[PDB]
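This report refers to the structure that appears directly beneath it.
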Amino acid sequence: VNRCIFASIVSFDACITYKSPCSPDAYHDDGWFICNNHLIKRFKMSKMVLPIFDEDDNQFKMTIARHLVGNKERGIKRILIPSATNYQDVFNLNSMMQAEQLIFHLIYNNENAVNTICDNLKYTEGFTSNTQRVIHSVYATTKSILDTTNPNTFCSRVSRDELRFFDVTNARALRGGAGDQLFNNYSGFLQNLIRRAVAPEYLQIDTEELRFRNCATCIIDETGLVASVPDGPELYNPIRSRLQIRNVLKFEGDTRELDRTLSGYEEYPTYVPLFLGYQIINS
Amino acid sequence: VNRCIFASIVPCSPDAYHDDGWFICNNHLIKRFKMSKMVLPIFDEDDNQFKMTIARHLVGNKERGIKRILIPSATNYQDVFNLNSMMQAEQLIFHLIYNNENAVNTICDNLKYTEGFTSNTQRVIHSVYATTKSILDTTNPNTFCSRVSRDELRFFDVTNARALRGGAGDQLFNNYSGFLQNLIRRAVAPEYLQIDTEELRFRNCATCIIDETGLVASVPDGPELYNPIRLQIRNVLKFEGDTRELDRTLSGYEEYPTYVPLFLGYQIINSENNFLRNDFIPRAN
Amino acid sequence: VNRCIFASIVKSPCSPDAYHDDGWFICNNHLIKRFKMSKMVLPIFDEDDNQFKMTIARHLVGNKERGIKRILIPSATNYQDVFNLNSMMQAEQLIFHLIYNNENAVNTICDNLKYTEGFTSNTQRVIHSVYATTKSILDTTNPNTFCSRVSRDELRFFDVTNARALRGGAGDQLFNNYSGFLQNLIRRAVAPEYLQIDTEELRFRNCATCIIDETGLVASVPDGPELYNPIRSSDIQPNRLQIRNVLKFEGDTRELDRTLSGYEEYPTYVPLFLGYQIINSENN
Amino acid sequence: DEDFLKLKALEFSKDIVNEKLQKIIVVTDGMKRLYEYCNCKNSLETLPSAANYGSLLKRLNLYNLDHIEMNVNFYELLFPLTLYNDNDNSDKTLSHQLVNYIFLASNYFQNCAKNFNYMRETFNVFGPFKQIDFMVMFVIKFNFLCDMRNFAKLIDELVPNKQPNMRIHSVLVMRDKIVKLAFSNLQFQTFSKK
Amino acid sequence: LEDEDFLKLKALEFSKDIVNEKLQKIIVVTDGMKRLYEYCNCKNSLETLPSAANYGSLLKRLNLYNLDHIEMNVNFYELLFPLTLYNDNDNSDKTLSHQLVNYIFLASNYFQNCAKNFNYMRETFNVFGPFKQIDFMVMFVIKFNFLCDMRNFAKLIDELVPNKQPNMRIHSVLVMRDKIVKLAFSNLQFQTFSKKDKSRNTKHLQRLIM
């Protein structure tokens, strides 16, 4: 079975065939409907999991991601997700293919763009094949998810059964606050996406609070998710994959046997997990 | 035959065996003065050839002060030649060169104070000494009948040559021991040469300025030019050698040497051209 | 394959160089033809491999040359007089008129040839194909236009003042007005004394060697006497006797060098240093 | 000597000053009795004719304005010209020269910072009472201020564009960064309780 | 409003007690200036960006005054280094080093975050400060708030500290941090994008005499 929305890609016309298909994960079921391929391709994250003991071999395991942005990029370069205000200029959708463009207009509820698109199709041979019903079946899938999400989920937990505050725990982080409410502005689909992408800083269970990190890695943004520290210099990203500068001031040391000696000891991974927000769960 | 002045060492590179006025191996020239023995070839329209001695600058760009200094003043000599890092033989040699008789006799008594001298190693040590001594003795231009420059003069400023002006740097050159002056005249290729009937400008600008402190490498002005070459930092700055290969063409293109040649001072020949008396006499002005 | 403009032209045997990747619009043989130069390179790098190998050239301008002969490349002003293309083939005249944009002369040639039967019967295909090829070669670069498709704005500067002249400097306008391939070849030819790395500045010679006049690129000392140039004389009218005086060596004892020959030697050619270069930290 | 182009610059500045926004109090500034003896306007620093007026100690004593370890924002000092060239358009009418002038000024700051390491004592020889510790930087700035005072006369009728030249601004940044970096070398060496 | 009176003298006590500046010289806690200097009357926080709500009256005062007088540079090494060249008589050196270096790097990170976040700060001030010179006011107030909290810190640490002999262990990272500050000002493009012409444009250079 296939679920990645991009794996659902199809062509209205005979030339292109998108022959860089979705990662196997498209066939998997995290409820993300996103090949990690595309995750990289458009957002620059890699999905990950944290297992957590249920005080037992029973566990809750939370999916997260890691951002892939370097230390040098700034502003738009660091934007991960836009606003509907600025998705267009952020992405250059015109460079993207028309199915991509229309799907983004669905995401942003741009009925005007949808209408203009149908009005362009009226005369097209894709319209002669009525392949627009591919888009309408994508709409059916979407609407099913949405009636599973926007009415449900956060709204369901308005029952108070659960709450996540995305607000920064540190009140000194003046850049926080109102963005946690601006969260409300986005399509609940997106909201689900982000909230399941991002780990909380704390969990309330009435047994005990748990704290998972000293200090939040992520921040809410004025248009959409950005890879930025709350404050200070950006923490180093060892992303590890024109005549420009390549300088790196290596230490002199020539010893290598030490490495073979030390293979026995924890080779600490250096990825940037997403820690942000206050999590509350009943019982 | 090997006649590096560091054959005194009690090893020199094979070039030491040429009987030539460097009187040093390139080994020791580098190891103490960070230059490489060179000759400049010179040619005519006829294609006839001539040659001049040279040794390109090699000490690193960034360092400053004494680091720029290649050879200090006798007044400042130990500030480079921080003897206590240096072997006794080395120290004694340098003291002699600088005429430091005081230190000479000091070492003379230090031989006694090295109570191991009872072994009479003094015989070997002093034989090496006298060997060395001989060399300076031969260098001495002041020896009565030693032959001197007929057609030739050198000065260390354009104006000092052009009008015999009293350059203080020229005077301090003269005040240097005769061997030092010899070695300078041996090593230093001019910015200019006058000829009985002709003049030649080799560059519009000199390489380096030299001062009373010693052999100073400094550029007259502006930044130094590039000079390419355990709890420490290799610290390598490195660049995008993308290897957009072009050797297929570029192998034919002439490759300019990547070096810092010497163009220093104003030579004059102003008498019947007779240079090829090929003897390394002191040849003083 | 051969990229020499004279390779495009239609004895005049090219050097093999312009058959190769580096895209110089002239073989090294014809780099003699009016231009007194040889193309050259400078291996350059950090402390490993060799990274950059920047091209350069040496002229062989005679020390005794003055005036026009001191001019390396005439300005669009008076290039016709400097060259006397009347001494040359119509193809060469046409080509130069193109480079200098002397489309008026191009018109005059086309008018002349129109009524000749040798033009129509055979030569028209030569003229038109050659023309198109040349122009297309120009358009292959023309960084003033066409995406600036070749290279970048490059961050090069040539007009740097010497420390002691007035607050002058001009005629980069003329530089630009020159057919851009001329500019690009100058970029081939002339290293700056200085390069800004994104984080560092580096210097390669104590002093500049060349000047730009409104008349053209000129090989002149900034001051004082010209340096003596030992033109190697290995390479190039007998209709009329050709005279020279030349002061030359004489003397024996060259065998003395027999021992010294093993030492390191310094090639003595005249490379061209003029201007500044930078690398952007970012193409902001 | 005459005010001459001083009046022409005054006229041009009057033509720009169509606005006042006056009566705002200048608390910050106490520019008592500025004087403009800088007629030598030399490109280089060596002049004993500048030390000729070493009596500056006296006016200092009356109103010091000592400035220890002075360092200069070349970028900020030169920025205003960046928009003014475009009274006309589509030519480097002056910018062709402004760029090389900027190069020269930057190189000046590259080199005089080096030469300071001995030129102090030459100024003590000009006057053994010295206090060169500050007066050296004083003159170092002042002479380029005179250079700018005349350079403005060399450019005259130039008015603020709204469009910046990205190339020129990048040139300004990339020179000024190294200019400021040069000051890092300033250091002190065991004076004890001075 | 109740207890400053002691510290008013304290800031001047030792400086009036001493007359012995021989090369390096201090403005005596700068302790003589107009109402603006008299306004710094609260325990503001050095740890974080300014509490913009605190300063509205200060902004309304500043509206009376011009602000094209401000150098961008902190002058970090320049001003701070001279006022640190002094130590205890060979005791508590651990202590002195600790508070000195910690305060140093505190100011370091303070300016680092100021430069990284200046947009949010100036905009959040303008939200209620619609004043035409509001950007210059924000820059000035940043400098002045830092200076005032520093003055309070100095006032508090004011101690005998007669000893004066450089510790190059202290003065080494001096250059690293100061050059990082200047590099921060380099990273400040200063954004010449069609707004500074609304200034007095460097006072038109004041007839080339200022």
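Letters A, B, C, D and E mark the chains in the order given here, with residues in each chain numbered from 1 onward.
Methods note: contacts are C-beta pairs under 8 Å (C-beta built on N, C-alpha and C of every residue); 3 or more make two chains touch, one makes a residue touch a chain.
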Seminar exercise, completed: Most central chain, judged by mean Cα position vs. mean of all protein Cα atoms, is D
For this session: With chain centres taken as the means of their Cα atoms, state the distance from chain A to chain B in Å.
Result: 68
Exercise. Roughly how many whole angstrom separate the Cα centroids of chain B and chain E?
Worked result: 54
For this session: With chain centres taken as the means of their Cα atoms, state the distance from chain D to chain E in Å.
Result: 25
Exercise. Chain B: which residues touch two or more other chains?
Worked result: 222-223, 236-241
Problem set entry | Sites on chain E at which at least two other chains make contact | none
For this session: Give the pairs of chains that touch; include all such pairs.
Result: A-B, A-C, A-E, B-C, B-D, C-D, D-E
For this session: Flag every residue of chain D that touches chain B in the complex, lowest number first.
Result: 107, 110-111
Seminar exercise, completed: chain C partner, complex, touching residues on chain D are 43, 91-92, 96-97, 99-101, 103-104, 107, 151, 154, 166-167, 170, 174, 178
Seminar exercise, completed: The chain C residues in contact with chain B across the complex are 17, 20-22, 28, 38-53, 55-56, 58, 200-207, 209, 221-228, 230-233, 246-254, 256-257, 259-260, 262-269, 271
Exercise. Can you name the residues of chain A that touch chain E in the complex?
Worked result: 172, 174-175, 231-233
For this session: Could you pull out which chain A residues touch chain C in their complex?
Result: 243-245, 247
